[PDB]
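*Asks:* Have a look at this one.
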Amino acid sequence: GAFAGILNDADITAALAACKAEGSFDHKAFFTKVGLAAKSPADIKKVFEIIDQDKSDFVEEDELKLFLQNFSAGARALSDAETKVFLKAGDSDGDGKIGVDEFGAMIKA
Ligand SMILES: [Cl-]
Ligand SMILES: [La+3]
Ligand SMILES: [La+3]
Ligand SMILES: [La+3]
Ligand SMILES: [La+3]
């Protein structure tokens, strides 16, 4: 997968299975189960760059909605409500988008 050399396949499978059900996504539980919580800035930056599909330098709402699909193309979209909670949690400064430092801070909360 896209995170070979950074994350563990079994962990990714597990993190996806934990949020298969509609409404069940929880970034804290996802980040801990997927193994991201203890990764270095360099690794977090690489992950961030994958999620930032359009290289805008920020993860915007549209990219957050498709967050899971970076891990598996077959994964579901997040609901609008899931996406909003995720954005609110990540976007420390409230400017509407998530930068790499905000992304790392949410992970290491
Ligand atoms: Cl969340
Ligand atoms: La972007
Ligand atoms: La730029
Ligand atoms: La922000
Ligand atoms: La800002």
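For the structure tokens, the naming scheme is as follows: chains receive sequential letters (A, B, ...) according to their order of presentation, residues are indexed from 1 within each chain, and ligands are indexed from 1 in presentation order.
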With only C-alpha atoms and all ligand atoms counted, collect every polymer residue having an atom within 9 Å of ligand 5; state the result as a list in words.
*Replies:*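 What falls inside 9 Å of ligand 5 is residues 91, 92, 93, 94, 95, 96, 97, 98, 99 and 102 of chain A.
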*Asks:* Please produce an output containing N, CA and C atoms for each residue in the selection, written as a PDB file, in the first residue's frame.
*Replies:*
ATOM      1  N   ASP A  91      -8.193  20.974  12.833  1.00  0.00           N
ATOM      2  CA  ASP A  91      -7.950  22.351  12.447  1.00  0.00           C
ATOM      3  C   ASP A  91      -7.884  23.238  13.690  1.00  0.00           C
ATOM      4  N   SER A  92      -6.721  23.201  14.365  1.00  0.00           N
ATOM      5  CA  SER A  92      -6.448  23.921  15.612  1.00  0.00           C
ATOM      6  C   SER A  92      -6.825  25.398  15.522  1.00  0.00           C
ATOM      7  N   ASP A  93      -6.395  26.055  14.442  1.00  0.00           N
ATOM      8  CA  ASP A  93      -6.480  27.504  14.363  1.00  0.00           C
ATOM      9  C   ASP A  93      -7.830  27.974  13.823  1.00  0.00           C
ATOM     10  N   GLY A  94      -8.630  27.058  13.267  1.00  0.00           N
ATOM     11  CA  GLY A  94      -9.992  27.378  12.866  1.00  0.00           C
ATOM     12  C   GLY A  94     -10.087  28.078  11.510  1.00  0.00           C
ATOM     13  N   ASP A  95      -9.051  27.934  10.673  1.00  0.00           N
ATOM     14  CA  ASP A  95      -8.997  28.594   9.378  1.00  0.00           C
ATOM     15  C   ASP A  95      -9.653  27.759   8.277  1.00  0.00           C
ATOM     16  N   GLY A  96     -10.191  26.576   8.614  1.00  0.00           N
ATOM     17  CA  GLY A  96     -10.972  25.797   7.663  1.00  0.00           C
ATOM     18  C   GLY A  96     -10.198  24.633   7.046  1.00  0.00           C
ATOM     19  N   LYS A  97      -8.912  24.492   7.367  1.00  0.00           N
ATOM     20  CA  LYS A  97      -8.101  23.476   6.719  1.00  0.00           C
ATOM     21  C   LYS A  97      -7.031  22.991   7.683  1.00  0.00           C
ATOM     22  N   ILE A  98      -6.391  21.876   7.337  1.00  0.00           N
ATOM     23  CA  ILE A  98      -5.403  21.268   8.211  1.00  0.00           C
ATOM     24  C   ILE A  98      -4.029  21.243   7.545  1.00  0.00           C
ATOM     25  N   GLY A  99      -3.039  21.864   8.191  1.00  0.00           N
ATOM     26  CA  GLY A  99      -1.658  21.814   7.740  1.00  0.00           C
ATOM     27  C   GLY A  99      -0.907  20.664   8.408  1.00  0.00           C
ATOM     28  N   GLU A 102      -0.637  20.927  12.291  1.00  0.00           N
ATOM     29  CA  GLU A 102      -1.918  20.612  12.900  1.00  0.00           C
ATOM     30  C   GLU A 102      -2.166  19.105  12.854  1.00  0.00           C
TER      31      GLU A 102
END
*Asks:* Do a neighbour search on residue A:80 at 12 Å with only C-alpha atoms, toss out local chain neighbours closer than 6 positions, and write the hits as a list in words.
*Replies:*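 Those residues are residues 22, 23, 25, 61, 62, 63, 64, 65, 66, 86 and 87 of chain A.
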*Asks:* Using only C-alpha atoms and all ligand atoms, which of the listed residues (A:76, A:57, A:27, A:69) sits closest to ligand 4?
*Replies:*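 Between A:76, A:57, A:27, A:69, the residue approaching ligand 4 most closely is A:57.
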*Asks:* Within 6 Å of residue A:34, counting only C-alpha atoms, which residues show up once you throw out same-chain ones fewer than 6 positions away? Write them as an MDAnalysis selection string, please.
*Replies:* chainID A and resid 11:12 15
*Asks:* Pull C-alpha atoms from the residues just selected and write them as a compact mmCIF listing (two decimals), in the first residue's frame.
*Replies:*
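As written to disk, out.txt reads:
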# COMPACT_ATOMS: atom_id res chain seq x y z
CA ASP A 11 -2.64 -2.48 11.66
CA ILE A 12 -4.17 -0.78 8.62
CA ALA A 15 -8.04 0.28 11.80
*Asks:* Report, in Å to a single decimal, how far apart atom CA of residue A:78 and atom CA of residue A:18 are.
*Replies:* 13.3 Å
